[PDB]
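K.L.:
Protein chains in written order, with PDB author numbering: chain A, -1 to 572; chain B, 14 to 629.
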Amino acid sequence: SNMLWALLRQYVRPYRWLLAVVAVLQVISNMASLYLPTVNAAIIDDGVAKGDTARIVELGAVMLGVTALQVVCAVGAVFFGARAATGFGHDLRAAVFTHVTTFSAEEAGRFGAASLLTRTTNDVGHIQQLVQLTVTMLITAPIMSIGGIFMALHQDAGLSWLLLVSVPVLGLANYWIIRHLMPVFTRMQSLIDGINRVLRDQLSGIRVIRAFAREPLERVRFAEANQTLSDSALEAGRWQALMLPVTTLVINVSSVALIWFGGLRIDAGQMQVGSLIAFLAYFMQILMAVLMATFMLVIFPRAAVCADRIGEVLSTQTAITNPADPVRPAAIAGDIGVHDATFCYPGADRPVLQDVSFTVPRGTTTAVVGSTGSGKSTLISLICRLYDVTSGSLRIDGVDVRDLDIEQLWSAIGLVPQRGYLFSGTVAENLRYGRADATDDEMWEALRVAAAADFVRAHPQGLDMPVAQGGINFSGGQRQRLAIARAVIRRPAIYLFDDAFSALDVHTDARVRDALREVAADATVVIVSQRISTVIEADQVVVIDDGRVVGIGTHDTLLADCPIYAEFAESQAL
Amino acid sequence: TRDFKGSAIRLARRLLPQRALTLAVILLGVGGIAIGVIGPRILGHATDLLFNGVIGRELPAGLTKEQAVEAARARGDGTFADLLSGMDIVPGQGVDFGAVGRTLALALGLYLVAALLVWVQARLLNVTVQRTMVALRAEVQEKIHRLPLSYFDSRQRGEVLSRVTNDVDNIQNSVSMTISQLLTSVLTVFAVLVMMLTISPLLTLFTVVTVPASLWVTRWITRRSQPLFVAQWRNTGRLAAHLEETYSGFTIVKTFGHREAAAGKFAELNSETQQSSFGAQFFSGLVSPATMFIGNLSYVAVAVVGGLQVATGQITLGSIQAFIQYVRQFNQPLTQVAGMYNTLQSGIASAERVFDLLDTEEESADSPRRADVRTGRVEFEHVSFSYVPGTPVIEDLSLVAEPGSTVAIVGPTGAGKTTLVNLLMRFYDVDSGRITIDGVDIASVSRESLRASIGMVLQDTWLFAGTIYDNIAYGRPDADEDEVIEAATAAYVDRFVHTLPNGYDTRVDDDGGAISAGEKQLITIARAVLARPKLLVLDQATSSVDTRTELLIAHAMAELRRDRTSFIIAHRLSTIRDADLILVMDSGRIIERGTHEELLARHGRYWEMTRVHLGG
Ligand SMILES: Nc1ncnc2c1ncn2[C@@H]1O[C@H](COP(=O)(O)OP(=O)(O)OP(=O)(O)O)[C@@H](O)[C@H]1O
Ligand SMILES: Nc1ncnc2c1ncn2[C@@H]1O[C@H](COP(=O)(O)OP(=O)(O)OP(=O)(O)O)[C@@H](O)[C@H]1O
Ligand SMILES: [Mg+2]
Ligand SMILES: [Mg+2]
């Protein structure tokens, strides 16, 4: 629970004065609640014993004032507690999001796009719940216990030994129960985590599960996880079921000892009768508050693990930032250098790109050809500066991508990745990610360029046709054409087609390429493709094998001098 | 919109089934509550005995109670005699500590019995709560496995995930956190009311005035707070949706310069959800102080009136002490219910969402017949299908596939090839017509066996978080190590696995890992081929795989492709060449079909498609 304290200390400091106001108001309210029985004892002693009804009425008015103070201070504490809890939760969420948005591809891949979502909302909620339950109930038990001890000492110090001995017994019993419960609760949380991951995997790959008839194995796995979770929860509940009886028993035994010892003191003229009522109410308030506070302690292990996850997210430091003072060329539209680039993924034993050196002149088309796992997508990601070169330099427009701020470099680059993603909403909304200010006319022009205008015009809603979460309401080629249209609507200086024509038929692929050549004539294009038929039109073709460039030149020189490209052409020949 | 009362009563019915264990739970709770409520009367009797002895000790022993009363009347202020009138002392006796000890021993025994009964009832409640939760989780998982694909395609993954896991966990927390409190409160209120009615009707009426007023205040607060709760839930859902869409497509958002817009939208949603949560939480927490205030007003009235009666002599002091204890033990359950109202409402909302998911329409009545392919011949007969009915995607389609024939499907980008092979796997219900494999309608056989008989390479590759060996063995986990190694070698997964320093043990994920798109497709191919399917479907199975590796893979799988009726979908004509039958479909209808030689001889769409390679 080291990370819990750090997170609370960091993100509750702006609300520390509201917390102090909550604390003082709760103290006042609990003091009023424990002082009402003192006024009852005063009625019993200075009233019916003396025979003064006027004193009884006066003390009733005093009790009315005490109750008014109690309700006012309770409402005032609830309001500020809610304020502080919601503020802490909102600030923690806004900090986690702001940290995650600075992550790189590798940093985000460390946790995943779903773990970050579950840590941004449900991990902050489980700590704001602790905040609220501490400013509402967990603070009541110490306040009520110490205040009741003081009030019992005030009423009659002779019988304060009871109230000072009974409370430690309850404290030790509840401490034993907590010490035997907390490991079980940690196990229950760590085991419900697994049954949640199982259900997430079952829903993310439902089509693959159905296609392979993996329903019975999924059922068996879920049944085993459910049974183990139920065993852990039953073991926790067996201990948790002792909390209320072991507190009520202490209250009742304390009350019986009260009636005995107070009676013994009363026979000696050392105690008034109303003190018995006062002490009885003190017991049934002090110990009931402790019981209520302790019964709720299902949060601390859960909050501890949630805070551990949040702190591990917030401790991750990015590796690709604007260096100190980025160079800002006007309208970057130049060439790509790639001089002796050497890249090795973090945690990898061997580099994936070795001694890569090829230049792409501005306004030309360069096709990257290689085997599976050769490093074409890695090179494309290097151009986008999603990853930083371990050695060498890239030199886009004659200047390193490292010293260029990555907002203008990305504004000058229109990238359609191999693993594309279409956001849920409308086709117009998805295309707006390219421009965000595009009119309907240029949106339709971008759709027409990417051959995506027909299947959007077909829908009765036109540009407002719905899009599923991952575009699963479209075909794969339709998703690729939508991504191409999104890249086109940007009108970027550099196009990076990372296998953007894999799911397009020959006719549609040729039409899209012709429209692009008509539109992107003045723009640099780097296209990663498998078909040789699409690479003759490229001015320069680069072949990479094992991660290193094995051939540079046009189609004819590569077919004549590079054995790998000759093998590719021979394999694809009809 | 959303019915919370019905979901609450359904959840209560699930929690407390027919009288097998819930009857014992209720009986134990009632017995313990009655035994523990009896005790304060005993304590009041002991206090009455102490006061009687103390008062009577001071009075002279030569006079009885009536003489003492008349002597006090002869004395001043009059009220002492009224106090003694209802006291029933024996003057000059003192306190009898033996009777006090007996009374307190009886109280201690009753309190011990009540504590034991409460413990047993709590254990039984825990057992039944866990049983109910197990049943709920099993039902949720079965419903997940029975839902149609349109249900998942029409919603975000995060929303369904939260409705499936987070809502169930919230329900579990709420029940195991509040069921015992609810039962104890509902029994204790009535037991205390009965014993207060036994003590004195006036003071118990004064105490019971609170319940109407407390209910009115609670109703007002709930009326003011329910819109806040629904707004908070809506706002949390919107925030979670925005977070999921930003995180899943982080590369696209970051690259296309939309990070600032996403940050601004998140800030707006965060502020709005903060406001909604603050309002809901404040109005939900306001219940307990109000109930405590009304209970304290009743306590003040009861104390004052009881003191007035005790001074007059109509009620003994021990009875009034018992009644004060009863007032406190009556006000406490209402305060506890008011305090836990927030958790109760959260659990009710979660149960509402879970029941909404569980009441969704399922696919269809699955046939119990086990699919059994004998030869492998596939036939389509006027198959018509359409997602979102009103726009056909496949209409008037008919095709025949010989048992050893390799059928290749080529066509435009939105023809319907994936829809066709999904209809073959019974992913979606065929609108009109039927599909027959070896003369039996696929709709008349179980989906499980039919989909197990066919090994399909999905167009969108998917891998679950685990080792590469686990992902390959996902097709058939019972296969031994040698079979998985052979499947990986045939698909040339082993070629790049040997390169990695943790071969077959490196952990890969759908969104990343130590893998590439081509290698991910290779692992999917190995997973498909491991299951030794009797029917082969390959939907753009090598779209991201180079042709040099494709040649080796084709040679390696030629043993399987000989006698398994492969369905090959590809936009590369080289892969689909030399297929026994080639289907060209344009807009969900097969415009032309035949082998390569006939297709070239008759010209048509295929000839134009293959002349693009030669240029024009
Ligand atoms: N939920 C859905 N899933 C898939 N297709 C859908 C869905 N709803 C509607 N459709 C429509 O179904 C049509 C049939 O396309 P299909 O999914 O069969 O792709 P395809 O012909 O295999 O394409 P490609 O060759 O690019 O893979 C598409 O035009 C698409 O708009
Ligand atoms: N985190 C990682 N992400 C991607 N590749 C990684 C990673 N770690 C290691 N690699 C290695 O990087 C190599 C090259 O991957 P990359 O995706 O760049 O290849 P590629 O030739 O572009 O792929 P494909 O032809 O399938 O599109 C792979 O062989 C893989 O083992
Ligand atoms: Mg790639
Ligand atoms: Mg498809």
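The beta-carbon is built from N, C-alpha and C at its ideal position, and this holds for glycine as well.
Could you tell me how far apart the beta carbons of residue 652 of chain B and residue 398 of chain B are, in whole angstroms, since I believe they sit closer than 8 Å?
P.N.:
In this structure chain B extends from 14 to 629, so residue 652 of chain B is not present and cannot be described.
K.L.:
What are the boundary residues of the alpha helix (DSSP H) that includes residue 20 of chain B?
P.N.:
Numbered from 1 along the second sequence, position 7 holds the residue referred to as residue 20 of chain B. Note, residue 20 of chain B: alpha helix (DSSP H), 17 to 28.
K.L.:
So, under 8 Å CB-CB, residue 172 of chain B and residue 262 of chain B are touching, yes? Tell me the CB distance rounded to an integer number of Å.
P.N.:
Sequence index remark: in the second sequence, residue 172 of chain B carries index 159 (1-based). Sequence index remark: in the second sequence, residue 262 of chain B carries index 249 (1-based). No, residue 172 of chain B and residue 262 of chain B are not in contact; Cβ-Cβ is about 16 Å, not under 8 Å.
K.L.:
Give the list of continuous beta strand (DSSP E) stretches no shorter than 3 residues that lie fully inside the stretch 350 to 410 of chain B.
P.N.:
Segments of the beta strand (DSSP E) lying fully in the stretch 350 to 410 of chain B: 391 to 398.
K.L.:
Just to confirm, is the Cβ distance from residue 402 of chain A to residue 376 of chain A under 8 Å?
P.N.:
What you label residue 402 of chain A is simply residue 404 of the first sequence in a count that begins at 1. What you label residue 376 of chain A is simply residue 378 of the first sequence in a count that begins at 1. No, the Cβ-Cβ distance between residue 402 of chain A and residue 376 of chain A is not below 8 Å.
K.L.:
May I ask you to check if the CB of residue 471 of chain A is nearer than 7 Å to at least one heavy atom of ligand 1?
P.N.:
One-based indexing of the first sequence puts residue 471 of chain A at position 473. Flag set: Cβ of residue 471 of chain A near ligand 1.
K.L.:
Along the alpha helix (DSSP H) that carries residue 311 of chain A, what are the first and last residues, could you check?
P.N.:
What you label residue 311 of chain A is simply residue 313 of the first sequence in a count that begins at 1. Residues 298 to 312.
K.L.:
Compute every distance between the C-beta of residue 476 of chain A and the non-hydrogen atoms of ligand 1, then say whether any falls below 7 Å.
P.N.:
In the first sequence, residue 476 of chain A corresponds to position 478, counting from 1. Yes, ligand 1 has a heavy atom inside 7 Å of this Cβ.
K.L.:
DSSP three-state call for residue 413 of chain A: helix, strand or coil?
P.N.:
Residue numbering aside, residue 413 of chain A sits at position 415 when the first sequence is read from its first letter. Of the three classes helix, strand and coil, the one that applies to residue 413 of chain A here is strand, per DSSP.
K.L.:
Can residue 10 of chain A and residue 17 of chain A be called in contact, C-beta distance under 8 Å?
P.N.:
By one-based count along the first sequence, residue 10 of chain A stands at place 12. By one-based count along the first sequence, residue 17 of chain A stands at place 19. Taking 8 Å as the Cβ cut-off, residue 10 of chain A and residue 17 of chain A qualify as a contacting pair.
K.L.:
For the candidate residues A:125, A:272 and A:135, whose alpha-carbon lies nearest to that of residue 63 of chain B?
P.N.:
The residue given as residue 63 of chain B occupies position 50 in the second sequence. Of the candidates A:125, A:272 and A:135, the one whose C-alpha sits nearest the C-alpha of residue 63 of chain B is A:272.
K.L.:
Would you mind working out which of B:21, B:45 and B:591 sits nearest residue 247 of chain A, comparing C-alpha positions?
P.N.:
Counted from its first residue, the first sequence places residue 247 of chain A at position 249. Considering only alpha carbons, the answer is B:45.
K.L.:
Among all the DSSP beta bridges, which residues are the ones paired with residue 414 of chain B?
P.N.:
Numbered from 1 along the second sequence, position 401 holds the residue referred to as residue 414 of chain B. DSSP output for residue 414 of chain B lists B:391 as bridge partner(s).
K.L.:
Helix, strand or coil for residue 493 of chain A per DSSP?
P.N.:
For the purposes of this step, residue 493 of chain A is taken as residue 495 along the first sequence, with counting starting at 1. Strand, per DSSP.
K.L.:
If you draw a straight line from the alpha carbon of residue 136 of chain B to that of residue 239 of chain A, how long is it in whole angstroms?
P.N.:
As a position in the second sequence, residue 136 of chain B is number 123, starting the count at 1. As a position in the first sequence, residue 239 of chain A is number 241, starting the count at 1. Taking the straight line joining both Cα atoms gives about 6 Å.
K.L.:
May I ask you to check if the CB of residue 111 of chain A is nearer than 7 Å to at least one heavy atom of ligand 2?
P.N.:
Mapped onto the first sequence, residue 111 of chain A falls at position 113. No, the Cβ of residue 111 of chain A stays beyond 7 Å of every heavy atom of ligand 2.
K.L.:
List the residues of chain B whose Cβ lies closer than 7 Å to the Cβ of residue 653 of chain A, in chain order.
P.N.:
Lying outside -1 to 572, the shown extent of chain A, residue 653 of chain A is not represented and no answer is given.
K.L.:
I want to see whether chain B comes within less than 8 Å of residue 440 of chain A, judged by CB atoms only; does it?
P.N.:
Along the first sequence, one-based indexing puts residue 440 of chain A at 442. No, its Cβ sits nowhere closer than 8 Å to a Cβ of chain B.
K.L.:
Counting only runs of 4+ residues fully inside the stretch 48 to 117 of chain A, write out the alpha helix (DSSP H) ranges in chain order.
P.N.:
Those alpha helix (DSSP H) runs which fall completely within the stretch 48 to 117 of chain A and span 4+ residues are 51 to 98 and 103 to 109.
K.L.:
Report yes if the C-beta distance between residue 334 of chain A and residue 358 of chain A is below 8 Å; otherwise report no.
P.N.:
The sequence position of residue 334 of chain A within the first sequence is 336, counting from 1. The sequence position of residue 358 of chain A within the first sequence is 360, counting from 1. Yes, Cβ-Cβ distance for residue 334 of chain A and residue 358 of chain A is below 8 Å.
K.L.:
Could you tell me whether any non-hydrogen atom of ligand 4 is closer than 7 Å to the CB of residue 534 of chain B?
P.N.:
For the purposes of this step, residue 534 of chain B is taken as the residue at position 521 of the second sequence. For ligand 4, not one heavy atom lies less than 7 Å from the Cβ of residue 534 of chain B.
K.L.:
Would you check if the distance between the CB atom of residue 495 of chain A and the CB atom of residue 507 of chain A is smaller than 8 Å?
P.N.:
On the first sequence, position 497 is the one that residue 495 of chain A refers to. On the first sequence, position 509 is the one that residue 507 of chain A refers to. No. Outside cutoff.
K.L.:
Please state whether the Cβ-Cβ distance between residue 36 of chain A and residue 310 of chain B is less than 8 Å.
P.N.:
On the first sequence, position 38 is the one that residue 36 of chain A refers to. On the second sequence, position 297 is the one that residue 310 of chain B refers to. No. Outside cutoff.
K.L.:
With a threshold of 7 Å (Cβ to nearest heavy atom), would residue 501 of chain A be considered close to ligand 1?
P.N.:
Looking up residue 501 of chain A in the first sequence gives position 503. Yes, the Cβ of residue 501 of chain A comes within 7 Å of a heavy atom of ligand 1.
K.L.:
Cβ of residue 248 of chain B less than 8 Å from any chain A Cβ?
P.N.:
Position 235 of the second sequence holds residue 248 of chain B. By this cut-off, residue 248 of chain B is not an interface position.
K.L.:
So residue 505 of chain A contacts chain B; which residues on that side make the cut at Cβ distance below 8 Å?
P.N.:
For the purposes of this step, residue 505 of chain A is taken as the residue at position 507 of the first sequence. Simply 425, 621, 622 and 625.
K.L.:
If you count every other CB in all the chains shown that lies within 10 Å of the CB of residue 18 of chain B, and 16 or more means buried, which is it?
P.N.:
Position 5 of the second sequence, counting from 1, holds the residue named residue 18 of chain B. Flag for residue 18 of chain B reads exposed.
K.L.:
Starting from residue 526 of chain A, follow the beta strand (DSSP E) in both directions and report where the run begins and ends.
P.N.:
Residue 526 of chain A sits at position 528 when you count from the first residue of the first sequence. First-last of the beta strand (DSSP E) with residue 526 of chain A: 522 to 526.
K.L.:
What in chain A is Cβ-close to residue 258 of chain B, meaning under 7 Å?
P.N.:
On the second sequence, residue 258 of chain B is found 245 positions in, with the first residue counted as 1. Residues of chain A passing the Cβ test: 421 and 422.
K.L.:
From this set, B:575, B:563 and B:526, which residue's C-alpha is nearest residue 549 of chain B's C-alpha?
P.N.:
Position 536 of the second sequence, counted from the first residue, corresponds to residue 549 of chain B. Comparing Cα positions, the closest option is B:575.
K.L.:
If we count Cβ pairs, one from each stretch, closer than 8 Å, do we get three or more for the stretch 565 to 584 of chain B versus the stretch 417 to 430 of chain B?
P.N.:
Enough Cβ pairs lie closer than 8 Å, so yes.
K.L.:
Can you give the beta carbon distance from residue 143 of chain A to residue 249 of chain A, rounded, assuming they're within the 8 Å contact cut?
P.N.:
The residue given as residue 143 of chain A occupies position 145 in the first sequence. The residue given as residue 249 of chain A occupies position 251 in the first sequence. With 8 Å as the limit, residue 143 of chain A and residue 249 of chain A do not qualify as a contact, their Cβ atoms being about 13 Å apart.
K.L.:
Tell me residue 605 of chain B's beta-bridge partners as DSSP assigns them.
P.N.:
Taking the second sequence and counting its residues from 1, one reaches residue 605 of chain B at position 592. Paired residues: B:597.
K.L.:
Residues of the stretch 572 to 604 of chain B with a CB closer than 9 Å to any CB of chain A: list them in chain order, please.
P.N.:
Cβ contacts with chain A come from 584, 585, 586, 587 and 590.
K.L.:
Mind checking if residue 51 of chain A is an interface residue toward chain B, Cβ cutoff 8 Å exclusive?
P.N.:
Counted from its first residue, the first sequence places residue 51 of chain A at position 53. Yes, residue 51 of chain A counts as interfacial toward chain B.
K.L.:
Quick one: list the residues of chain A neighbouring residue 230 of chain B, beta-carbon separation under 9 Å, in chain order.
P.N.:
Start at 1 with the first residue of the second sequence, and residue 230 of chain B comes out as number 217. Ordered by position in chain A, no residue passes the 9 Å Cβ test against residue 230 of chain B, which lies about 11 Å from the chain.
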